[PDB]
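Student: Chains as they are written, first to last, in the authors' numbering: chain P0, 2 to 108; chain 12, 103 to 165; chain 0, 3 to 172; chain AN, 2 to 51; chain q, 1 to 190.
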Amino acid sequence: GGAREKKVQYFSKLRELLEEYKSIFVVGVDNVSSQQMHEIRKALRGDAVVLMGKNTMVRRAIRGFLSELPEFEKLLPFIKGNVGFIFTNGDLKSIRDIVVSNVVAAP
Amino acid sequence: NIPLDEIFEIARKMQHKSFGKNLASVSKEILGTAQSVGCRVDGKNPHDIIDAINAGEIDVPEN
Amino acid sequence: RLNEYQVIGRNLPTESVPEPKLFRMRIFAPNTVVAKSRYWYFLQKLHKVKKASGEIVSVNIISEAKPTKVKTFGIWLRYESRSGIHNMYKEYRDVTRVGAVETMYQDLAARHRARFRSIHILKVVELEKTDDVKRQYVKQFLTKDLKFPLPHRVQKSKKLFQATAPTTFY
Amino acid sequence: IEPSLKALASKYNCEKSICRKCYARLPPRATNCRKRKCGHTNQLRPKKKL
Amino acid sequence: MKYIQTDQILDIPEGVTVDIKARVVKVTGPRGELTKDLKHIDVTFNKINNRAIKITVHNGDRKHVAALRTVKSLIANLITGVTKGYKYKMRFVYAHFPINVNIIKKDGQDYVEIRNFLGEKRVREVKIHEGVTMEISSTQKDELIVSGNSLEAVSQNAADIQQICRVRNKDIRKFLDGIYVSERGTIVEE
RNA sequence: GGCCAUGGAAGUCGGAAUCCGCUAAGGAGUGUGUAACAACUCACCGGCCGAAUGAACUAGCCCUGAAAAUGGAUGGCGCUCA
Ligand SMILES: [Mg+2]
Ligand SMILES: [Mg+2]
Ligand SMILES: [Mg+2]
Ligand SMILES: [Mg+2]
Ligand SMILES: [Mg+2]
Ligand SMILES: [Mg+2]
Ligand SMILES: [Mg+2]
Ligand SMILES: [Mg+2]
Ligand SMILES: [Mg+2]
Ligand SMILES: [Mg+2]
Ligand SMILES: [Zn+2]
């Protein structure tokens with residue numbers, strides 16, 4: 002098994018706080034350095050969460066979780082392509098304010 | 103040894119390193135290279151102080 | 003050209019044991035003289051019995067149940083090479099259990115130089131499910147609506163000379 | 002030679018593997034020698050550099 | 001293993017009309033026509049539609065199966081030769097002696113004339129293949145552009161030019177002089 | 001720009017080390033490049049296509065291993081789904 006441990010582990014914290022936090026939204030990124038991310042995290046120690054991982058697996062583990070929190074019932078056909086995960090519990094105005102920036106964009 | 107209480111200051115001193123979720127991870131990181139050469143690090147070599155601290159030895163919640 | 007035989011034998015009865023257990027083997031042999039010989043060859047590989055201390059009780063041909071139904075057979079083998087002794091498993095398409103075994107002997111003769119004397123047939127099984135087929139070279143003939151031509155036909159002539167140009171259409 | 006052109010030249014003259022038995026000049030990623038005289042050996046080693 | 005049947009699918013773009021009869025492929029496109037005889041291979045062709053062609057090998061062994069996708073790739077190269085063209089760019093590599101390259105015409109034939117290669121008094125001449133266009137790049141210093149519809153002729157002429165500029169009796173790791181293919185693309189950029 | 005060596009070595013000259021933290025991802029680093037950085041490339045994790053894939057081993061025919069002297073012998077011709 003080996004990886005399946007870390008596999009189901011990625012499916013552990015995958016939820017837990019899921020119900021705790023409020024309805025999140027899109028989190029798209031591309032060509033993002035590791036330092037970039039790392040710093041964004043600091044800006045969110047308790048402000049939010051910085052979850053990341055693959056695309057298909059992320060579905061599967063939760064794609065069937067339509068038994069514990071069915072709620073979604075369809076809140077899944079949205080992870081398309083390069084997709085991360087940033088949690089939160091506040092308001093929309095206090096969202097992009099505590100991310101964005103940290104830009105290295107260029108030609 | 104030289105763990106003392108003043109190494110927890112090097113944490114807040116170099117509190118610009120490992121963003122480690124909790125500040126104690128600064129110490130953890132600080133210690134993480136403390137074995138680089140290996141010295142009198144708590145009268146021993148790291149990976150036995152550090153690793154154990156993460157495993158849960160005493161307790162240093164440090165605010 | 004082979005047939006499948008059911009050979010049944012037993013140890014000779016003694017005053018201690020007057021009805022020894024009857025043992026049957028399925029033997030693929032060209033005739034009944036070799037069928038009873040192969041039986042004793044394999045019993046002495048397993049049991050404390052001899053032809054001198056034993057008795058052949060019955061020899062019967064086992065005919066194919068549906069000789070005009072196309073089947074796929076799996077054959078488990080144990081053969082001796084020039085260097086060692088090996089177990090193998092192979093698959094064949096044929097309509098009779100005997101005709102698959104005839105192909106097997108030709109097949110291990112051709113690809114491994116394994117003579118008849120070097121081969122033990124462990125088991126011949128007809129594969130009921132299409133998922134039971136493990137080998138590619140026979141699974142490719144289990145596809146739906148299988149069609150293929152036969153290009154480059156060579157015609158055998160009764161005469162030495164033909165006055166018209168040869169052709170290979172077909 | 003400018004470094005851009007020296008890498009282009011090195012792609013054809015230097016970035017190679019060598020057969021240990023017959024000295025054939027092989028692609029760096031080759032697993033066997035292409036020559037029949039050595040038996041398509043896997044005993045290769047990178048072409049040495051200055 | 002004698003695979004029962006193996007298939008490859010050619011794709012014909014909109015302006016291209018492939019035309020196959022007795023293993024002689026004639027591909028027609030906006031840029032022209034190219035033909036190739038494949039009588040040394042046993043393959044069969046089926047026209048799926050005006051934009052697709054099935055290429056089949058029946059009951060072929062491992063090597064004869066290996067010869068099928070190469071047919072696919074050659075015909076695809078023909079298609080892109082008559083719809084996009086081919087372009088190889090060569091850079092002139094020398095440490096000390098500049099290479100004097102001219103496009104000459106002798107005996108009614110076009111030639112590539114290499115002079116002063118590594119200081120040699122020898123004048124190297126490479127015949128320019130039919131259907132192959134040479135040009136001295138104006139936008140780049142020490143660049144040769146080899147272009148044409150046929151990939152085989154263009155790459156082989158380029159190889160002729162590269163091979164005639166080989167270094168003898170020296171350490172070629174140190175004496176890196178020569179003419180090398182630097183860019184392999186198409187006339188129509190994508 | 002880890003420690004020590006070092007004129008300099010900052011991962012990519014050389015020695016004790018092979019850790020920590022964020023991580024899903026990253027080695028105190030697999031290379032090209034520098035006096036040295038930088039720089040790019042990898043290790044691993046990502047997006048993408050979507051059905052198969054990798055490793056070790058066994059034995060058949062073929063190839064290499066396989067160099068001697070007049071020209072020359074599966075008996076000869078010749079033979080390649082033989
Ligand atoms: Mg995933
Ligand atoms: Mg067979
Ligand atoms: Mg005629
Ligand atoms: Mg070596
Ligand atoms: Mg030499
Ligand atoms: Mg010399
Ligand atoms: Mg064998
Ligand atoms: Mg000899
Ligand atoms: Mg002689
Ligand atoms: Mg002979
Ligand atoms: Zn070799």
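We treat Cβ as the ideally placed atom computed from N, Cα and C, and that holds for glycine.
Anyone know if the C-beta pair for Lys170 (chain q) and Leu51 (chain AN) falls short of 8 Å?
Tutor: Start at 1 with the first residue of the fifth sequence, and residue 170 (chain q) comes out as number 170. Start at 1 with the first residue of the fourth sequence, and residue 51 (chain AN) comes out as number 50. Going by C-beta atoms, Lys170 (chain q) is not nearer than 8 Å to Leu51 (chain AN).
Student: Give every residue of the same chain whose Cβ lies closer than 6 Å to the Cβ of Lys92 (chain 0), excluding the five residues on either side of it in the sequence, and list them in chain order.
Tutor: Within the third sequence, numbered from 1, the residue matching residue 92 (chain 0) stands at position 90. Excluding sequence neighbours, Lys92 (chain 0) sits near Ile77.
Student: Sort out for me which residues DSSP pairs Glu20 (chain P0) with in a bridge.
Tutor: Your numbering for residue 20 (chain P0) matches position 19 in the first sequence. DSSP output for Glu20 (chain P0) lists no bridge partner at all.
Student: With distances taken from CA atoms, which of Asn149 (chain q), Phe45 (chain q), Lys72 (chain q) is nearest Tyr86 (chain q)?
Tutor: Translated into the one-based positions of the fifth sequence, residue 86 (chain q) becomes position 86. When each option's Cα is compared against that of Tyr86 (chain q), the closest is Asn149 (chain q).
Student: Check for me: the alpha helix (DSSP H) holding residue 125 (chain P0) runs from which residue to which?
Tutor: For chain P0, the structure presents residues 2 to 108; residue 125 (chain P0) sits outside this window and is missing.
Student: Going by Cα to Cα distance, which pick from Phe117 (chain q), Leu118 (chain q), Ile103 (chain q) is closest to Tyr111 (chain q)?
Tutor: Here residue 111 (chain q) refers to the residue found at position 111 when the fifth sequence is read from its first residue. When each option's Cα is compared against that of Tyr111 (chain q), the closest is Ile103 (chain q).
Student: Taking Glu128 (chain 0) as the reference, which of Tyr41 (chain 0), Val36 (chain 0), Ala102 (chain 0) has the closest Cα?
Tutor: Within the third sequence, numbered from 1, the residue matching residue 128 (chain 0) stands at position 126. Selected option, being the one with the closest Cα: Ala102 (chain 0).
Student: Taking Cβ positions only, does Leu9 (chain AN) come closer than 8 Å to chain q?
Tutor: Translated into the one-based positions of the fourth sequence, residue 9 (chain AN) becomes position 8. Judged by the 8 Å Cβ criterion, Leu9 (chain AN) is in contact with chain q.
Student: With 8 Å set as the bound, which would you pick, yes or no: does the beta-carbon of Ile2 (chain AN) sit closer than that to a beta-carbon of chain q?
Tutor: Working through the fourth sequence from its first residue, we reach residue 2 (chain AN) at position 1. Yes - at least one Cβ of chain q is within 8 Å of the one on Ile2 (chain AN).
Student: Residues of the segment 122 to 156 of chain 0 in Cβ contact with chain q at a cutoff of 9 Å, in chain order, please.
Tutor: For the segment 122 to 156 of chain 0, which is checked against every Cβ of chain q, the residues closer than 9 Å are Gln138, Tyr139, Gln142, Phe143, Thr145, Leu148, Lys149, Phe150, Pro151, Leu152, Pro153, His154.
Student: For ligand 3, is there a heavy atom less than 7 Å away from the beta-carbon of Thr169 (chain 0)?
Tutor: Taking the first residue of the third sequence as position 1, residue 169 (chain 0) is located at position 167. Because no heavy atom of ligand 3 lies under 7 Å away, the Cβ of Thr169 (chain 0) does not count as near it: no.
Student: Less than 7 Å separating the Cβ of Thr42 (chain AN) from some heavy atom of ligand 11?
Tutor: The sequence position of residue 42 (chain AN) within the fourth sequence is 41, counting from 1. Checking the Cβ of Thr42 (chain AN) against ligand 11 gives yes.
Student: Quick one: list the residues of chain q neighbouring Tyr24 (chain AN), beta-carbon separation under 9 Å, in chain order.
Tutor: For the purposes of this step, residue 24 (chain AN) is taken as residue 23 along the fourth sequence, with counting starting at 1. Those do not exist, as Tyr24 (chain AN) stays about 14 Å from chain q at its closest Cβ, beyond 9 Å.
Student: Go ahead and pull the three-state DSSP assignment for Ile112 (chain 12).
Tutor: As a first step, residue 112 (chain 12) is located in the second sequence; it is residue number 10 there, counting from the start. Note: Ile112 (chain 12) maps to helix in three-state DSSP.
Student: Between the segment 166 to 178 of chain q and chain AN, which residues of the former have CB atoms less than 9 Å from a CB of the latter, in chain order?
Tutor: Listed by position along the chain: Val167, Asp171, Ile172, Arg173, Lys174, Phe175, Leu176, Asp177, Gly178.
Student: Would you call the CB atoms of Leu15 (chain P0) and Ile63 (chain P0) closer than 8 Å?
Tutor: Mapped onto the first sequence, residue 15 (chain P0) falls at position 14. Mapped onto the first sequence, residue 63 (chain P0) falls at position 62. For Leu15 (chain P0) and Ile63 (chain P0), yes; Cβs fall inside 8 Å.
Student: What alpha helix (DSSP H) runs, 4 residues minimum, are completely inside the segment 9 to 88 of chain 0?
Tutor: Here the runs fully enclosed are 34 to 45.
Student: Counting C-beta neighbours from all protein chains within 10 Å, is the total for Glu6 (chain 0) 16 or more, i.e. buried, or is it exposed?
Tutor: Here residue 6 (chain 0) refers to the residue found at position 4 of the third sequence. Burial call: buried.
Student: Use the C-beta contact count for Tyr180 (chain q): other C-beta atoms within 10 angstroms, 16 or more gives buried, fewer gives exposed.
Tutor: By 1-based counting over the fifth sequence, the position of residue 180 (chain q) is 180. With 16 or more other Cβ atoms within 10 Å, it is buried.
Student: Within the 8 Å Cβ cut-off, does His64 (chain q) reach chain 0?
Tutor: Start at 1 with the first residue of the fifth sequence, and residue 64 (chain q) comes out as number 64. No, its Cβ sits nowhere closer than 8 Å to a Cβ of chain 0.
Student: At a threshold of 7 Å, does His122 (chain 0) count as lining ligand 7 (C-beta to nearest heavy atom)?
Tutor: Within the third sequence, the letter at position 120 stands for residue 122 (chain 0). Incorrect: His122 (chain 0) has no Cβ contact closer than 7 Å to ligand 7.
Student: At what residues does the beta strand (DSSP E) containing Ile179 (chain q) begin and finish?
Tutor: As a first step, residue 179 (chain q) is located in the fifth sequence; it is residue number 179 there, counting from the start. Start and end: 178 to 185.
Student: If we call anything under 8 Å between Cβ atoms a contact, is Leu68 (chain q) one with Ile53 (chain q)?
Tutor: Here residue 68 (chain q) refers to the residue found at position 68 of the fifth sequence. Here residue 53 (chain q) refers to the residue found at position 53 of the fifth sequence. No; because the gap between Cβ atoms is not below 8 Å, this pair is not in contact.
Student: Is the Cβ of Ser182 (chain q) closer than 8 Å to any Cβ of chain AN?
Tutor: Translated into positions along the fifth sequence, residue 182 (chain q) becomes position 182. Output row for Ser182 (chain q): interface = yes.
Student: If you run the structure through DSSP and keep just helix, strand and coil, what is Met106 (chain 0)?
Tutor: Translated into positions along the third sequence, residue 106 (chain 0) becomes position 104. Note: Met106 (chain 0) maps to helix in three-state DSSP.
Student: Under 5 Å from any heavy atom of ligand 11, by CB: list those residues in chain order, please.
Tutor: Taking each Cβ in turn, the ones that pass are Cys20 (chain AN), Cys23 (chain AN), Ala25 (chain AN), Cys34 (chain AN), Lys36 (chain AN), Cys39 (chain AN).
Student: To which residues of the same chain is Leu45 (chain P0) closer than 7 Å at the C-beta, ignoring the five residues directly before and after it?
Tutor: Here residue 45 (chain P0) is taken as the residue at index 44 of the first sequence, counted from 1. So the qualifying residues of the chain are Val51, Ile99.
Student: Quick one: is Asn43 (chain AN) near chain q, going by C-beta distance under 8 Å?
Tutor: By one-based count along the fourth sequence, residue 43 (chain AN) stands at place 42. No, its Cβ sits nowhere closer than 8 Å to a Cβ of chain q.
Student: Name the residue from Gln37 (chain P0), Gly3 (chain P0), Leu18 (chain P0), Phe12 (chain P0) whose alpha carbon lies nearest to the alpha carbon of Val101 (chain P0).
Tutor: Working through the first sequence from its first residue, we reach residue 101 (chain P0) at position 100. Cα-wise, what sits closest to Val101 (chain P0) is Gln37 (chain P0).
Student: Determine, using beta carbons only, whether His129 (chain q) comes closer than 8 Å to chain 0.
Tutor: As a first step, residue 129 (chain q) must be located in the fifth sequence, where it is residue number 129. No, its Cβ sits nowhere closer than 8 Å to a Cβ of chain 0.
Student: Starting from the beta carbon of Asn14 (chain AN), find every residue of chain q whose beta carbon is closer than 7 Å, and list them in chain order.
Tutor: As a working mapping, residue 14 (chain AN) is identified with position 13 in the fourth sequence. Here the neighbours are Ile172, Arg173, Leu176.
Student: Buried or exposed: which applies to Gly82 (chain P0), given that a residue is buried once 16 or more other Cβ atoms fall within 10 Å of its Cβ?
Tutor: The count along the first sequence starts at 1 and reaches residue 82 (chain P0) at position 81. With fewer than 16 Cβ atoms within 10 Å of its Cβ, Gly82 (chain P0) is classed as exposed.
Student: So, under 8 Å CB-CB, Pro13 (chain q) and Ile79 (chain q) are touching, yes? Tell me the CB distance rounded to an integer number of Å.
Tutor: Translated into the one-based positions of the fifth sequence, residue 13 (chain q) becomes position 13. Translated into the one-based positions of the fifth sequence, residue 79 (chain q) becomes position 79. Correct: roughly 7 Å between the Cβ atoms.
Student: Among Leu19 (chain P0), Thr57 (chain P0), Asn103 (chain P0), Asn56 (chain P0), whose alpha-carbon lies nearest the alpha-carbon of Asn90 (chain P0)?
Tutor: The residue labelled residue 90 (chain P0) in the question sits at position 89 within the first sequence. Among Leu19 (chain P0), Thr57 (chain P0), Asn103 (chain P0), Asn56 (chain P0), the Cα nearest to that of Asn90 (chain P0) is on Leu19 (chain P0).
Student: Since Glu131 (chain 12) sits in a beta bridge, which residues does DSSP pair it with?
Tutor: The residue you call residue 131 (chain 12) lines up with position 29 of the second sequence. Answer is none; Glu131 (chain 12) lacks a bridge partner.
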